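The figures that follow rest on heavy atoms only: side chains count, while hydrogens, waters and symmetry mates do not. Count residues from 1 along the sequence.
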Amino acid sequence: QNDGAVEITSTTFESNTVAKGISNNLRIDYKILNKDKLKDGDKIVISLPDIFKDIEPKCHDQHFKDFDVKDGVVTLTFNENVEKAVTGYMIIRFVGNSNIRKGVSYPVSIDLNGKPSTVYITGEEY
């Protein structure tokens with residue numbers, strides 16, 4: 001996922017499993033490669049299945065001018081005024097909800113301006 005303005009270098013969950021009432025964090029490592037190629041509306045979109053309570057993005061507010069959570073879709077909007085090329089990371093904090101079923105593979109899509117990727121986390125019940 002590299003459009004010349006931005007590269008997503010890594011997308012990793014703290015744990016490969018998710019459970020009701022248990023925290024997991026998604027970490028997204030990125031580089032702003034070329035601030036001059038950024039445009040207002042450039043974004044990372046994370047689409048989640050309905051297995052989370054408490055979706056909370058954490059980011060560098062000079063790299064992302066806004067973030068929004070709506071109906072399981074997290075939008076991170078790049079700051080087109082970022083001062084310079086930079087390496088960073090952001091986190092989506094998650095808590096599982098009671099919809100989680102043991103062994104079920106849940107897709108999480110991470111899209112850099114419609115350049116897509118999918119990672120999978122599996123349900124656990126305790």
Side-chain angles (χ1 to χ4, degrees):
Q1 294 169 298
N2 181 327
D3 64 7
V6 170
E7 171 177 35
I8 298 185
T9 66
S10 183
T11 61
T12 67
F13 278 94
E14 158 184 44
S15 175
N16 290 327
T17 63
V18 61
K20 175 197 189 200
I22 303 296
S23 289
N24 201 345
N25 295 319
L26 169 61
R27 180 167 164 149
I28 302 179
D29 285 82
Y30 59 84
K31 302 176 70 158
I32 300 171
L33 299 167
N34 185 334
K35 76 176 170 53
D36 289 340
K37 288 178 182 281
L38 277 180
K39 285 179 202 64
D40 180 14
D42 290 350
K43 56 182 181 213
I44 302 173
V45 180
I46 305 91
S47 302
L48 303 161
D50 184 17
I51 58 164
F52 301 112
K53 68 153 87 68
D54 301 344
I55 302 163
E56 184 192 0
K58 310 202 94 79
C59 69
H60 195 305
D61 72 4
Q62 300 309 290
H63 308 177
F64 300 98
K65 60 178 177 171
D66 191 35
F67 63 78
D68 169 62
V69 182
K70 179 177 143 74
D71 296 356
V73 182
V74 180
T75 305
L76 311 175
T77 303
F78 284 103
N79 182 20
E80 73 263 31
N81 291 330
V82 65
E83 159 184 356
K84 57 168 171 196
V86 63
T87 300
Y89 75 97
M90 62 86 55
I91 302 295
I92 308 173
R93 270 208 39 255
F94 292 110
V95 179
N97 73 17
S98 68
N99 291 343
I100 291 167
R101 293 296 182 270
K102 191 175 163 40
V104 171
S105 300
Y106 296 107
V108 173
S109 79
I110 301 146
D111 298 350
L112 170 64
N113 303 309
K115 296 200 184 37
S117 68
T118 304
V119 293
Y120 296 85
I121 55 179
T122 66
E124 192 51 292
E125 290 180 71
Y126 298 113

Can you name the nearest heavy-atom pair linking [X] to [Y], along with the distance?
{"X": "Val18", "Y": "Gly96", "value": "CG2-CA, 4.2 Å"}
{"X": "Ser23", "Y": "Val95", "value": "OG-CG2, 3.9 Å"}
{"X": "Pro107", "Y": "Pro49", "value": "O-CD, 3.1 Å"}
{"X": "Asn34", "Y": "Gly4", "value": "CB-O, 3.5 Å"}

Taking [X] for its side chain and [Y] for its backbone only, find out whether a donor-acceptor pair lies under 3.5 Å.
{"X": "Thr75", "Y": "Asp68", "answer": "no"}
{"X": "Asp66", "Y": "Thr77", "answer": "no"}
{"X": "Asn24", "Y": "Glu14", "answer": "yes"}
{"X": "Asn99", "Y": "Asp50", "answer": "yes"}

Do [X] and [Y] sit in the same hydrophobic cluster, where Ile, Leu, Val, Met, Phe, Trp and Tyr count as joined when their side-chain heavy atoms come under 4.5 Å apart?
{"X": "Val45", "Y": "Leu26", "value": "no"}
{"X": "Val82", "Y": "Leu33", "value": "no"}
{"X": "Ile8", "Y": "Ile121", "value": "yes"}

Subject >> Partner of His63 by side chain to side chain contact (heavy atoms under 4.5 Å, CB included), out of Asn79, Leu76, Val6, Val86 >> reply: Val86

Original post:
Applying the side chain to side chain contact (heavy atoms under 4.5 Å, CB included) test to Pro57, which of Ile44, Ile46, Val74 qualifies?
Top reply: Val74

Distance from [X] atom [atom1] to [Y] atom [atom2], nearest 0.5 Å?
{"X": "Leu38", "Y": "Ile32", "atom1": "CG", "atom2": "CD1", "value": "5.5 Å"}
{"X": "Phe94", "Y": "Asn25", "atom1": "CZ", "atom2": "CG", "value": "8.5 Å"}
{"X": "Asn97", "Y": "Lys53", "atom1": "CG", "atom2": "NZ", "value": "6.0 Å"}
{"X": "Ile55", "Y": "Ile92", "atom1": "CD1", "atom2": "CD1", "value": "8.0 Å"}
{"X": "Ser47", "Y": "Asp71", "atom1": "OG", "atom2": "CG", "value": "11.0 Å"}
{"X": "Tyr126", "Y": "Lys20", "atom1": "OH", "atom2": "NZ", "value": "13.5 Å"}

**OP:** Could you walk me through whether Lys115 and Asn113 pass the side-chain contact (heavy atoms from CB on, under 4.5 Å) test, one step at a time?
**Re:** CA-CA 6 Å; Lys115 296 200 184 37; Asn113 303 309; 5.8 Å; no

Original post:
Are there more than 12 heavy atoms of other residues, nucleotides or ligands under 6.0 Å from atom CZ of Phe13?
Top reply: yes

Original post:
How about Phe52 and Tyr106: are their ring centres within less than 6.0 Å of each other?
Top reply: no

**OP:** Please confirm whether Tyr89 and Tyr30 have ring centers closer than 6.0 angstrom.
**Re:** no

Original post:
How would you list all residue pairs meeting salt bridge (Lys or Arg N to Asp or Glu O under 4.0 Å) that involve residues 87-114, not counting sequence neighbours?
Top reply: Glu56-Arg93, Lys102-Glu124

Subject >> Pair listing, salt bridge (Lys or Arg N to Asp or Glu O under 4.0 Å) test, anchored in residues 30-47, at least two apart >> reply: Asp40-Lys65

